[PDB]
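Take a look at this single chain in structure tokens; it is the form deposited in one PDB entry.
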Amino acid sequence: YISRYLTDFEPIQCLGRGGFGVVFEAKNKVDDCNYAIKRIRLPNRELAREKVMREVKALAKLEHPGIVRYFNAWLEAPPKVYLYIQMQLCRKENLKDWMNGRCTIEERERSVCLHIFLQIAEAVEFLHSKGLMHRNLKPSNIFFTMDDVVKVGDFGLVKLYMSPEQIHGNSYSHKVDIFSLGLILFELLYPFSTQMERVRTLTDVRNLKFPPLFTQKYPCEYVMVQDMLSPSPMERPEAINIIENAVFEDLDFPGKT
């Protein structure tokens, strides 16, 4: 039996795993580039297989600077069944890691944080414009390219960020992603020293109880986070309304571009 993956790529390392999948870094022999390759063992569940196959088709149609670049997808059945998905290789350190390495307010300059957030919101806006919703938006699903371009996706390298309507298992709309955005904006601007402090504070912010020093330092951002975290989905602003906010006009910081 001839395996496409072993024939065409030289494996470099395991990048991680989660759910049905394992992710490898591997170099393509012909083009000499390194890629992130997800190997999905197709589940025994036909409806889960339906979702997997449908989602690769949807991904393949997407082109946006804030969405991880897609290259290829194929099936292999050795003598159970694997779906391989080949993507652009991003940096190892995601948004969660990036925030964890910047635990002082000096390391979270306003314009830098808003610049990162804007990119996330624009990626979310793109998805919504295509009739898609992320549903699982969180810092561990937000990576950076080698050039620090933020990439939103479904990484699966294994909750506080999901909307109330999702937690209760109710029906929902694209507005669920707006809730996640609110918590992320806050988290970007507000550095944590311990994991215990992070959980406590984000849980409070979920219920619209904000640290007093945040509300005073960032009055404009405080307002937009409140609106994004509205318990009622319909009261939450659209992604396009977020990105058009004056707060994002003419962002600049030393070293930008």
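One-based numbering along the sequence shown. In this text, rigid core is short for the largest set of C-alphas that superpose within 1.5 Å between two forms.
What comes next is about the form deposited in another entry, which is not displayed.
Checklist entry - Picking from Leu47, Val223, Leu208, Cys33, which residue has its CA shift by 2 Å or more between the shown form and the other one, once the rigid core of the two forms is superposed? => result After core superposition, the single residue displaced by 2 Å or more is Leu47.
Checklist entry - Is the C-alpha displacement of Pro233 equal to or greater than 2 Å between the shown form and the other one once the rigid core has been superposed? => result After core superposition, the displacement of the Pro233 C-alpha between the shown form and the other one stays below 2 Å, so no.
Next on the checklist: For a quick test of reading the superposition: does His168 move by 2 Å or more at the CA between the shown form and the other one, rigid core aligned?
Outcome noted: True for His168: a C-alpha shift of 2 Å or more.
Item to check | Did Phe24 shift 2 Å or more between the shown form and the other one, C-alpha, core superposed | outcome: Where the cores coincide, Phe24 shows only a C-alpha shift between the shown form and the other one that is less than 2 Å.
Next on the checklist: Comparing against this form, do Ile142 and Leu47 have their CA atoms pulled together or pushed apart in that other deposited form? The difference is 3 Å or more.
Outcome noted: Farther apart, which means the C-alphas of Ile142 and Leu47 are at least 3 Å more distant in that other deposited form.
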